[PDB]
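Working notes for the structure below.
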Amino acid sequence: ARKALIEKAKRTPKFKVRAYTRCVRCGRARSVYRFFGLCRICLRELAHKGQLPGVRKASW
Amino acid sequence: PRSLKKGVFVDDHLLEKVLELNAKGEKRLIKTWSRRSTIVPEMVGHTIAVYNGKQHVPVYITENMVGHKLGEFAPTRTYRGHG
Amino acid sequence: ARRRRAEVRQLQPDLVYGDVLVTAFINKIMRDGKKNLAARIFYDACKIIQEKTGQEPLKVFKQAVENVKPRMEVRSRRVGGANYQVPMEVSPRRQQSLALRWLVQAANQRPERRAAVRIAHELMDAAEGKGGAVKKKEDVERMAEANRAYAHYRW
Amino acid sequence: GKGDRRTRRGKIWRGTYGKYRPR
Amino acid sequence: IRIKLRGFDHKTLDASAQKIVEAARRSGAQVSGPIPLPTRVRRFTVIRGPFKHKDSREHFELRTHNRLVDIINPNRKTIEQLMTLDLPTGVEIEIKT
Amino acid sequence: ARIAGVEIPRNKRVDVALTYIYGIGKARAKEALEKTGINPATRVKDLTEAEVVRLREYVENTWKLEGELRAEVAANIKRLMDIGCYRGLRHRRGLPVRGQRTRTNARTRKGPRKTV
Amino acid sequence: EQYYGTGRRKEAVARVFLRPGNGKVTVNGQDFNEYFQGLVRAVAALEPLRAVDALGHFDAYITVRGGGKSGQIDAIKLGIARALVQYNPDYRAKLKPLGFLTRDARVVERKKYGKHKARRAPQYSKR
Amino acid sequence: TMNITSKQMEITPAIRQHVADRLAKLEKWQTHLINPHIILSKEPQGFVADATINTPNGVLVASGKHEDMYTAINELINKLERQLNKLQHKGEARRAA
RNA sequence: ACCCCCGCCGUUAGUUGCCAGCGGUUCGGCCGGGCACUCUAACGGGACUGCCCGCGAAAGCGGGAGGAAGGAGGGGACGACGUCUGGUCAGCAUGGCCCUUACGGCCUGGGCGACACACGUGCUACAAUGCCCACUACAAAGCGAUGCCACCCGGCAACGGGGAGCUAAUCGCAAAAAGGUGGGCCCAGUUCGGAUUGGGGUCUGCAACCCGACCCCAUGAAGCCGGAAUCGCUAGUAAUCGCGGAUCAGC
Ligand SMILES: [Mg+2]
Ligand SMILES: [Mg+2]
Ligand SMILES: [Mg+2]
Ligand SMILES: [Mg+2]
Ligand SMILES: [Mg+2]
Ligand SMILES: [Mg+2]
Ligand SMILES: [Mg+2]
Ligand SMILES: [Mg+2]
Ligand SMILES: [Mg+2]
Ligand SMILES: [Mg+2]
Ligand SMILES: [Mg+2]
Ligand SMILES: [Mg+2]
Ligand SMILES: [Mg+2]
Ligand SMILES: [Mg+2]
Ligand SMILES: [Mg+2]
Ligand SMILES: [Mg+2]
Ligand SMILES: [Mg+2]
Ligand SMILES: [Mg+2]
Ligand SMILES: [Mg+2]
Ligand SMILES: [Mg+2]
Ligand SMILES: [Mg+2]
Ligand SMILES: [Mg+2]
Ligand SMILES: [Mg+2]
Ligand SMILES: [Mg+2]
Ligand SMILES: [Mg+2]
Ligand SMILES: [Mg+2]
Ligand SMILES: [Mg+2]
Ligand SMILES: [Mg+2]
Ligand SMILES: [Mg+2]
Ligand SMILES: [Mg+2]
Ligand SMILES: [Mg+2]
Ligand SMILES: [Mg+2]
Ligand SMILES: [Mg+2]
Ligand SMILES: [Mg+2]
Ligand SMILES: [Mg+2]
Ligand SMILES: [Mg+2]
Ligand SMILES: [Mg+2]
Ligand SMILES: [Zn+2]
């Protein structure tokens with residue numbers, strides 16, 4: 001259950017609650033950031049490549 | 001529980017079936033998937049077959065059992081004890 | 001730790017008596033960092049050891065200290081195949097530290113109901129030479145004496 | 001008692017409001 | 001009579017305020033200096049590895065620093081040549097009055 | 001056996017003393033003392049017989065207490081167990097009734113441990 | 001007419017306004033003692049002027065914002081100490097060996113990932 | 001008391017009990033076996049019996065590998081014994097001088 | 001070492017932030033007025049064992065001064081060749097092996113929440129340095145346009161109905177709590193403790209039987225400081241008190 005699942009997510013639901021965030025990049029059901037459309041692994045990956053604007057490693 | 005401002009709840013696809021049996025007079029095996037459903041004074045005397053996950057459980061209904069939901073009398077877990 | 005010896009932390013003299021010793025003794029009454037509560041109680045107690053015994057709380061305090069400062073103590077040190085109770089003199093630093101600890105501790109072992117009272121009383125009895133604090137002190141010194149024997153095993 | 005829902009101290013903890021802690 | 005500056009990069013939010021400061025002070029008349037507004041910080045924390053390893057995360061942030069300028073006594077000799085203004089990519093501009 | 005079937009702690013405040021009745025807590029305590037006009041701080045030891053008759057009267061005739069309360073709860077569960085609902089199934093098996101975890105803990109309804 | 005120093009402590013900052021007078025003191029339009037009522041820590045918020053014979057000779061109008069009742073106290077101690085040294089630069093010695101002339105940078109150390117606070121590690125078990 | 005994990009394998013209460021019985025060999029020493037832990041696993045190579053036990057003077061950590069699971073379970077024990085025996089008697093070695 | 005935060009200072013910057021002095025002051029920095037100060041967020045400065053003395057072949061070490069900071073200033077970011085045939089084919093990518101009206105796909109329902117037991121992490125406690133009601137203060141970092149919601153009202157309350165402000169240094173979440181003045185409890189399984197249960201309501205939600213959080217009445221358990229064993233922490237740390245955020249309809 002993968003592409004079949006990421007697909008069921010894309011489409012509009014039979015009820016309003018069943019809105020669940022998938023990663024747009026890998027399809028991950030869990031730990032998905034609204035602000036990016038990404039799960040935390042993907043999140044970390046692009047930010048590392050640099051393909052995430054303003055996003056840098058925080059040191060404090 | 002479920003808010004009082006909203007309406008005491010039945011699935012519609014059951015409520016009609018309940019009452020289709022009021023016209024002709026009871027009583028049928030009502031196989032159901034509706035544990036979600038309250039028991040209603042219009043349900044008394046009936047024997048609705050409640051689905052627990054595996055089985056449609058034969059359940060008789062009475063006076064004392066009105067406020068509760070449909071899933072209470074088709075319990076879901078089998079447990080004869082430990083060892 | 002391993003390398004150089006640690007430095008004695010310097011206390012900010014208290015805003016009533018300006019006594020370095022007094023500061024420490026409060027913080028020993030201090031629980032959960034709630035210092036003011038503890039500060040209250042010390043002073044509360046002085047209120048009591050002034051009325052209940054008519055002269056300087058302060059003076060009574062430093063006497064309860066000199067009377068609970070243990071002079072020799074034992075420090076366990078295995079020689080061969082037995083753990084020996086080895087007699088040693090307590091560093092000046094440590095006489096304080098201990099004498100503080102035991103004072104408060106002895107106190108909380110008492111039946112009068114407010115902490116404010118006990119710290120007074122214990123500090124009262126111990127100032128003369130009585131008191132459950134001194135009982136700990138007295139004991140620590142007998143342990144030393146009795147074991148005068150094993151004192152060339154001092155380091 | 002930081003867990004007794006029925007007190008001032010309690011509704012602070014459980015992060016709520018009620019009779020024992022109104023707004 | 002005022003402009004507002006929102007972007008992710010600061011060498012640019014400062015450089016662009018700086019130039020609009022220079023645009024309307026040259027071109028008449030009064031400009032209330034580029035004011036450094038407090039940055040709103042969107043932070044991200046994330047477990048470093050893909051599976052288990054709970055206590056080794058990586059720390060990410062998204063600085064969105066703010067900037068405000070005022071061109072005080074307006075004088076549309078300025079208000080003209082601001083439609084002729086050179087703005088970098090990583091900054092968005094806001095004007096009201 | 002005074003009010004309302006239980007002899008309340010004397011030498012205590014009436015408001016807390018009244019809590020020592022089965023069916024009366026901090027809430028109903030404030031309530032009868034307003035509605036019969038008694039200082040919460042007066043000691044049970046010091047109650048006017050008049051205040052006794054005021055206090056006792058309001059309390060016994062307004063709230064279900066002691067024995068009749070217990071039989072209600074009892075028969076409330078009696079049904080709940082006889083009717084055959086999951087709410088009652090746990091009652092019959094000594095188990096917990098509020099959807100809590102029973103793999104670990106669950107010790108107050110179960111009771112100090114039964115080893116294998 | 002006036003003397004100023006800036007006092008800081010943790011996230012607390014103290015604005016001190018000295019004006020020679022009966023020696024009286026105010027914090028945010030509120031009386032000194034009224035503001036720190038029941039905090040024994042207080043009387044050494046006014047401390048550095050005692051290091052220079054100045055208790056009653058100056059008044060104090062004081063603003064303070066941020067931090068807590070005590071770091072605030074501390075910053076005041078810095079701020080009043082600051083101002084007496086502008087007013088009177090021959091006041092270096094007789095305030096600096098008392099350390100008043102400095103600002104302890106001891107702030108909250110950061111909560112770190114994998115720990116429970118700054119330093120309290122989580123409890124583990126070999127067996 | 002005593003715990004056993006069967007990692008990515010299915011095992012029986014028989015097999016479990018035998019393992020209880022095997023660790024008993026350690027009981028000899030008459031020190032406390034505190035929360036002993038056995039983990040049984042299958043490598044490609046054969047099985048693996050892990051063990052980690054705290055006793056008042058230290059811990060036992062061991063690993064037996066063998067084509068036979070039971071043999072692996074014993075080798076586990078042989079190593080544990082050794083450790084424990086050294087744990088109980090390394091003290092006495094230096095009594096004099 | 002070069003990067004970030006905090007610590008001191010200067011430059012630039014003055015609203016939505018600041019208010020020292022004048023004027024009003026509708027009694028709200030509310031307005032005039034100003035950027036002093038506070039701050040804000042950018043740019044530099046500064047500390048280098050440089051100076052002094054001594055010990056030193058030297059590197060360095062001991063110590064005093066000046067300074068906000070002194071010997072690595074406190075914290076962070078950063079982790080060598082490699083090790084554990086360490087972890088992940090269930091994030092993903094992927095060789096190969098395997099399924100093909102099914103080992104794929106859709107849905108309702110159940111399960112992932114089971115409970116004789118054992119272990120790990122933790123919350124709240126066992127109380128008077130304490131518990132409760134009242135009244136009175138002082139943070140910071142964040143979030144907030146089917147969002148945060150002032151304030152008005154019905155409500156014991158959860159909440160509900162109205163309804164203003166804010167793309168937010170303005171408007172809101174917001175109360176910070178410990179703490180402070182006061183009053184009750186008077187050593188009791190209690191005014192400790194808040195589990196368990198009965199009953200009545202609120203909200204989210206197509207739906208809270210399984211299985212949601214919340215309020216109120218009632219119930220008011222175990223528990224009197226914990227065996228063997230054993231964890232953390234060297235300073236703004238440990239301890240203790242509250243606050244936000246992510247994910248999220250709710251939890
Ligand atoms: Mg895939
Ligand atoms: Mg959802
Ligand atoms: Mg998701
Ligand atoms: Mg003792
Ligand atoms: Mg209570
Ligand atoms: Mg507590
Ligand atoms: Mg963890
Ligand atoms: Mg009661
Ligand atoms: Mg539950
Ligand atoms: Mg359960
Ligand atoms: Mg700052
Ligand atoms: Mg005071
Ligand atoms: Mg902290
Ligand atoms: Mg291993
Ligand atoms: Mg050997
Ligand atoms: Mg300036
Ligand atoms: Mg050196
Ligand atoms: Mg480095
Ligand atoms: Mg492997
Ligand atoms: Mg895969
Ligand atoms: Mg594959
Ligand atoms: Mg399904
Ligand atoms: Mg389910
Ligand atoms: Mg699970
Ligand atoms: Mg926990
Ligand atoms: Mg009881
Ligand atoms: Mg009680
Ligand atoms: Mg549910
Ligand atoms: Mg008991
Ligand atoms: Mg007791
Ligand atoms: Mg303990
Ligand atoms: Mg404790
Ligand atoms: Mg022990
Ligand atoms: Mg260390
Ligand atoms: Mg919180
Ligand atoms: Mg949130
Ligand atoms: Mg949420
Ligand atoms: Zn992803």
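Just so we're on the same page: first chain in the structure tokens is A, next is B, and so on; residues restart at 1 for each chain, and ligands are numbered from 1 in the order they show up.
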TODO: Check which residues fall inside 9 Å of ligand 26 when counting only C-alpha atoms (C1' of nucleotides) and all ligand atoms, and print them as a ChimeraX atom specification.
DONE: /I:189-190,220-221
Can you work out which residues from chain D touch chain I at a cut-off of 8 Å (counting only C-alpha atoms (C1' of nucleotides)) and hand them back as a short mmCIF file (atom, residue, chain, number, x, y, z; two decimals) with C-alpha atoms, in the first residue's frame?
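Heads up, here's the output in part.cif:
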data_model
loop_
_atom_site.label_atom_id
_atom_site.label_comp_id
_atom_site.auth_asym_id
_atom_site.auth_seq_id
_atom_site.Cartn_x
_atom_site.Cartn_y
_atom_site.Cartn_z
CA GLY D 1 -2.86 19.01 44.44
CA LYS D 2 -1.47 19.53 40.93
CA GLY D 3 -3.74 16.69 39.69
CA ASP D 4 -6.96 17.27 41.55
CA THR D 16 -8.28 24.47 31.91
CA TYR D 17 -10.81 26.70 33.66
CA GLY D 18 -13.98 25.81 35.61
CA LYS D 19 -15.76 26.95 38.79
CA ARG D 23 -11.43 33.75 33.88
#
TODO: Give the residues of chain E that lie within 7 Å of chain G; count only C-alpha atoms, and format the answer as a ChimeraX atom specification.
DONE: /E:55-57
Task: Exercise answer, chain C residues close to chain H, 10 Å and only C-alpha atoms, as a ChimeraX atom specification - done: /C:79-82
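Every protein, DNA or RNA residue with an atom at most 7 Å from region 64-81 of chain B, where only C-alpha atoms (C1' of nucleotides) count and chain neighbours fewer than 6 positions away do not, is listed here: residues 34, 35, 36, 37, 38, 39, 40, 41, 50, 51, 52, 53 and 57 of chain B; 84, 85 and 86 of chain F; 209 and 210 of chain I.
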Output file for the selection above: C-alpha atoms (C1' of nucleotides), as a PDB file, in the first residue's frame:
ATOM      1  CA  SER B  34     -24.345   0.484  12.990  1.00  0.00           C
ATOM      2  CA  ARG B  35     -22.781   0.386  16.433  1.00  0.00           C
ATOM      3  CA  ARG B  36     -22.665   4.172  15.961  1.00  0.00           C
ATOM      4  CA  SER B  37     -26.466   4.155  16.462  1.00  0.00           C
ATOM      5  CA  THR B  38     -28.420   4.978  19.668  1.00  0.00           C
ATOM      6  CA  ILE B  39     -31.150   2.538  20.784  1.00  0.00           C
ATOM      7  CA  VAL B  40     -34.514   4.188  20.394  1.00  0.00           C
ATOM      8  CA  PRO B  41     -37.871   3.665  22.028  1.00  0.00           C
ATOM      9  CA  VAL B  50     -25.147  -6.078  15.564  1.00  0.00           C
ATOM     10  CA  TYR B  51     -21.759  -6.434  13.854  1.00  0.00           C
ATOM     11  CA  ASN B  52     -18.841  -6.622  16.286  1.00  0.00           C
ATOM     12  CA  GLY B  53     -16.087  -6.980  13.644  1.00  0.00           C
ATOM     13  CA  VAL B  57     -24.687 -10.632  16.852  1.00  0.00           C
TER      14      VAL B  57
ATOM     15  CA  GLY F  84     -25.667  -6.956  29.457  1.00  0.00           C
ATOM     16  CA  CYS F  85     -23.902  -3.792  28.189  1.00  0.00           C
ATOM     17  CA  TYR F  86     -20.071  -3.396  27.943  1.00  0.00           C
TER      18      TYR F  86
ATOM     19  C1'   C I 209     -20.200   1.276  22.578  1.00  0.00           C
ATOM     20  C1'   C I 210     -15.706  -0.359  21.704  1.00  0.00           C
TER      21        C I 210
END
Open item on the list: Please extract the residues of region 1-122 of chain G with a backbone DSSP assignment of strand (DSSP E or B) and present them as number ranges by chain.
Closed with: G: 3, 6-9, 12-20, 25-27, 30-31, 58-65
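Residues of protein, DNA or RNA lying at most 10 Å from ligand 11, when only C-alpha atoms (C1' of nucleotides) and all ligand atoms are considered, are residues 11 of chain G; 5, 6, 39, 40 and 41 of chain I.
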Take the selection from the previous step and output its residues with N, CA, C and O atoms (P, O5', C5', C4', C3', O3' and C1' of nucleotides), as a PDB file, in the first residue's frame.
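Contents of again.pdb, freshly written:
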ATOM      1  N   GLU G  11      17.139  38.635  31.967  1.00  0.00           N
ATOM      2  CA  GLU G  11      16.365  39.416  30.998  1.00  0.00           C
ATOM      3  C   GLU G  11      15.743  40.727  31.601  1.00  0.00           C
ATOM      4  O   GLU G  11      14.778  41.291  31.046  1.00  0.00           O
TER       5      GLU G  11
ATOM      6  P     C I   5      24.104  36.098  16.295  1.00  0.00           P
ATOM      7  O5'   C I   5      23.572  35.627  17.730  1.00  0.00           O
ATOM      8  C5'   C I   5      22.290  35.024  17.898  1.00  0.00           C
ATOM      9  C4'   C I   5      22.140  34.317  19.235  1.00  0.00           C
ATOM     10  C3'   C I   5      22.448  35.126  20.497  1.00  0.00           C
ATOM     11  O3'   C I   5      21.444  36.063  20.889  1.00  0.00           O
ATOM     12  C1'   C I   5      23.515  33.036  20.660  1.00  0.00           C
ATOM     13  P     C I   6      21.850  37.584  21.257  1.00  0.00           P
ATOM     14  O5'   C I   6      22.218  37.568  22.815  1.00  0.00           O
ATOM     15  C5'   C I   6      21.445  36.826  23.753  1.00  0.00           C
ATOM     16  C4'   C I   6      22.245  36.392  24.972  1.00  0.00           C
ATOM     17  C3'   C I   6      23.062  37.455  25.700  1.00  0.00           C
ATOM     18  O3'   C I   6      22.303  38.321  26.533  1.00  0.00           O
ATOM     19  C1'   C I   6      24.348  35.476  25.492  1.00  0.00           C
ATOM     20  P     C I  39      17.689  47.858  26.589  1.00  0.00           P
ATOM     21  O5'   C I  39      16.785  47.341  25.389  1.00  0.00           O
ATOM     22  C5'   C I  39      15.619  46.579  25.644  1.00  0.00           C
ATOM     23  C4'   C I  39      14.603  46.772  24.556  1.00  0.00           C
ATOM     24  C3'   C I  39      14.965  46.235  23.178  1.00  0.00           C
ATOM     25  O3'   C I  39      14.774  44.834  23.026  1.00  0.00           O
ATOM     26  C1'   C I  39      14.194  48.440  22.959  1.00  0.00           C
ATOM     27  P     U I  40      15.838  43.936  22.198  1.00  0.00           P
ATOM     28  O5'   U I  40      15.309  44.073  20.706  1.00  0.00           O
ATOM     29  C5'   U I  40      13.925  43.952  20.418  1.00  0.00           C
ATOM     30  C4'   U I  40      13.614  44.684  19.149  1.00  0.00           C
ATOM     31  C3'   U I  40      14.544  44.354  17.999  1.00  0.00           C
ATOM     32  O3'   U I  40      14.102  43.221  17.274  1.00  0.00           O
ATOM     33  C1'   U I  40      14.375  46.708  18.243  1.00  0.00           C
ATOM     34  P     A I  41      15.026  41.917  17.133  1.00  0.00           P
ATOM     35  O5'   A I  41      15.829  42.118  15.783  1.00  0.00           O
ATOM     36  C5'   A I  41      15.167  42.518  14.596  1.00  0.00           C
ATOM     37  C4'   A I  41      16.138  43.172  13.659  1.00  0.00           C
ATOM     38  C3'   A I  41      17.351  42.312  13.311  1.00  0.00           C
ATOM     39  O3'   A I  41      17.630  42.461  11.914  1.00  0.00           O
ATOM     40  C1'   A I  41      18.078  44.389  14.223  1.00  0.00           C
TER      41        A I  41
END
Open item on the list: Please identify all protein, DNA and RNA residues within 9 Å of ligand 19, counting only C-alpha atoms (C1' of nucleotides) and all ligand atoms, and report them as an NGL selection string.
Closed with: (:H and (43)) or (:I and (85-87))
Once you have the residues from the selection above, write them out as a PDB file, in the first residue's frame, restricted to C-alpha atoms (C1' of nucleotides).
ATOM      1  CA  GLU H  43      21.223 -15.016  12.492  1.00  0.00           C
TER       2      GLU H  43
ATOM      3  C1'   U I  85      28.548  -8.075   9.401  1.00  0.00           C
ATOM      4  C1'   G I  86      25.215  -1.381  14.684  1.00  0.00           C
ATOM      5  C1'   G I  87      19.876   0.943  12.846  1.00  0.00           C
TER       6        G I  87
END
Open item on the list: Distance limit 10 Å, reference ligand 15, atoms considered: only C-alpha atoms (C1' of nucleotides) and all ligand atoms. Which residues make the cut? Give them as a ChimeraX atom specification.
Closed with: /H:79,81-87,89-90
Open item on the list: Taking the DSSP secondary structure from the backbone, can you list the residues of chain E that are helix (DSSP H, G or I), as a PyMOL selection string?
Closed with: chain E and resi 10-26+78-81
Writing out the chosen residues with C-alpha atoms as a PDB file, in the first residue's frame:
ATOM      1  CA  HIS E  10      18.967  40.359   5.631  1.00  0.00           C
ATOM      2  CA  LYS E  11      21.894  41.571   3.508  1.00  0.00           C
ATOM      3  CA  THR E  12      19.105  42.335   1.022  1.00  0.00           C
ATOM      4  CA  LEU E  13      16.347  43.719   3.295  1.00  0.00           C
ATOM      5  CA  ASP E  14      18.963  46.127   4.596  1.00  0.00           C
ATOM      6  CA  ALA E  15      20.390  46.970   1.131  1.00  0.00           C
ATOM      7  CA  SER E  16      16.941  47.678  -0.344  1.00  0.00           C
ATOM      8  CA  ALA E  17      15.718  49.800   2.541  1.00  0.00           C
ATOM      9  CA  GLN E  18      19.059  51.637   2.301  1.00  0.00           C
ATOM     10  CA  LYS E  19      18.368  52.414  -1.426  1.00  0.00           C
ATOM     11  CA  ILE E  20      14.757  53.562  -0.904  1.00  0.00           C
ATOM     12  CA  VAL E  21      16.128  55.647   1.955  1.00  0.00           C
ATOM     13  CA  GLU E  22      18.475  57.129  -0.689  1.00  0.00           C
ATOM     14  CA  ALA E  23      15.707  57.332  -3.391  1.00  0.00           C
ATOM     15  CA  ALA E  24      13.285  59.635  -1.563  1.00  0.00           C
ATOM     16  CA  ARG E  25      15.879  61.661   0.482  1.00  0.00           C
ATOM     17  CA  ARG E  26      17.651  62.695  -2.674  1.00  0.00           C
ATOM     18  CA  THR E  78       9.723  60.879  -5.488  1.00  0.00           C
ATOM     19  CA  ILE E  79       6.399  58.953  -5.843  1.00  0.00           C
ATOM     20  CA  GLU E  80       7.044  58.974  -9.590  1.00  0.00           C
ATOM     21  CA  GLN E  81      10.615  57.471  -9.734  1.00  0.00           C
TER      22      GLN E  81
END
TODO: Up to 6 Å from chain I, what residues of chain F turn up? Count only C-alpha atoms (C1' of nucleotides) and give them as a PyMOL selection string.
DONE: chain F and resi 23+73+102-103
Open item on the list: Applying 8 Å and only C-alpha atoms (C1' of nucleotides), which residues near residue 79 (chain G) remain after dropping the ones on its own chain fewer than 2 positions away? List them as a PyMOL selection string.
Closed with: chain G and resi 4-8+14-16+75-77+81-83
Would you write out those residues with N, CA and C atoms, as an mmCIF file, in the first residue's frame?
data_model
loop_
_atom_site.group_PDB
_atom_site.id
_atom_site.type_symbol
_atom_site.label_atom_id
_atom_site.label_comp_id
_atom_site.auth_asym_id
_atom_site.auth_seq_id
_atom_site.Cartn_x
_atom_site.Cartn_y
_atom_site.Cartn_z
ATOM 1 N N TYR G 4 22.251 59.021 35.728
ATOM 2 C CA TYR G 4 21.751 57.819 35.093
ATOM 3 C C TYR G 4 22.805 56.721 34.926
ATOM 4 N N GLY G 5 22.384 55.489 35.172
ATOM 5 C CA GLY G 5 23.133 54.340 34.717
ATOM 6 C C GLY G 5 22.137 53.343 34.164
ATOM 7 N N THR G 6 22.629 52.406 33.373
ATOM 8 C CA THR G 6 21.744 51.372 32.877
ATOM 9 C C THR G 6 22.179 50.094 33.562
ATOM 10 N N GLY G 7 21.211 49.440 34.211
ATOM 11 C CA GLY G 7 21.411 48.184 34.916
ATOM 12 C C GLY G 7 20.756 47.024 34.190
ATOM 13 N N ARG G 8 21.479 45.914 34.090
ATOM 14 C CA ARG G 8 20.938 44.693 33.494
ATOM 15 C C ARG G 8 21.318 43.423 34.258
ATOM 16 N N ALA G 14 17.424 47.819 34.391
ATOM 17 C CA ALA G 14 17.106 48.860 35.370
ATOM 18 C C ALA G 14 17.573 50.274 34.973
ATOM 19 N N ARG G 15 16.575 51.153 34.827
ATOM 20 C CA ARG G 15 16.759 52.582 34.595
ATOM 21 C C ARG G 15 16.647 53.367 35.884
ATOM 22 N N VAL G 16 17.782 53.913 36.303
ATOM 23 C CA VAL G 16 17.897 54.594 37.581
ATOM 24 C C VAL G 16 17.928 56.119 37.460
ATOM 25 N N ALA G 75 19.695 44.389 38.954
ATOM 26 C CA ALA G 75 20.028 45.394 37.951
ATOM 27 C C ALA G 75 20.022 46.826 38.520
ATOM 28 N N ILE G 76 19.091 47.088 39.439
ATOM 29 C CA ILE G 76 19.040 48.359 40.158
ATOM 30 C C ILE G 76 20.342 48.606 40.888
ATOM 31 N N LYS G 77 20.821 47.574 41.567
ATOM 32 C CA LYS G 77 22.119 47.607 42.226
ATOM 33 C C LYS G 77 23.206 48.008 41.211
ATOM 34 N N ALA G 81 24.723 52.042 40.961
ATOM 35 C CA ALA G 81 26.186 51.989 41.016
ATOM 36 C C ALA G 81 26.832 52.572 39.759
ATOM 37 N N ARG G 82 26.165 52.381 38.630
ATOM 38 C CA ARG G 82 26.619 52.937 37.366
ATOM 39 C C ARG G 82 26.693 54.475 37.458
ATOM 40 N N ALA G 83 25.563 55.060 37.884
ATOM 41 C CA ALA G 83 25.325 56.511 37.902
ATOM 42 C C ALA G 83 26.215 57.287 38.853
#
- [ ] Produce as a ChimeraX atom specification the set of residues near ligand 28, where near means within 12 Å with only C-alpha atoms (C1' of nucleotides) and all ligand atoms considered.
- [x] /B:1-2,36 /F:98-100 /I:113,204-205,207-213,250-251
